[PDB]
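Protein chains in written order, with the working numbering: chain A, 38 to 87; chain B, 37 to 75.
Note that beta-carbon positions come from the ideal geometry of N, C-alpha and C, so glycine has one too.
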Ligand SMILES: *[C@@H]1O[C@H](CO)[C@@H](O)[C@H](O)[C@H]1NC(C)=O
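Laid out in structure tokens, this is it:
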């Protein structure tokens, strides 16, 4: 989507494997604010907004 | 043939969606208990 009309996808009731994203070489920025990437694959959240 | 759904008019802000396997002279007896404890 365009930045004025940015797409928001609500992610619920599944298993979120963040190590697949973190260990990818295809991403230039993976800057996490408020949490570290190593404990993302352990912690649990109510909803994920993408 | 089921061709009439008139239960709502709108759906604005969804927090949770869950699609599952179907639960289901009178021949069947269905007992259900619904509880709201700690969310
Ligand atoms: C809920 O819906 C209304 C109208 O559809 C919208 O204005 C409001 O921002 C929504 N709130 C949330 C938290 O999504």
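- Per the coordinates, the alpha-carbon of residue 40(A) lies some 26 angstroms from the alpha-carbon of residue 77(A).
- Within 8 angstroms of the CB of residue 50(A), the CB atoms of chain B belong to 52, 53 and 54, in sequence order along the chain.
- With a cut-off of 8 angstroms on Cβ pairs, the stretch 45-57 of chain A is in contact with the stretch 79-87 of chain A, counting three or more such pairs.
- With a cut-off of 7 angstroms, the C-beta of residue 72(B) is classified as distant from ligand 1, since no heavy atom of the ligand falls inside that distance.
- In the DSSP assignment, residue 47(A) forms a beta bridge with 86(A).
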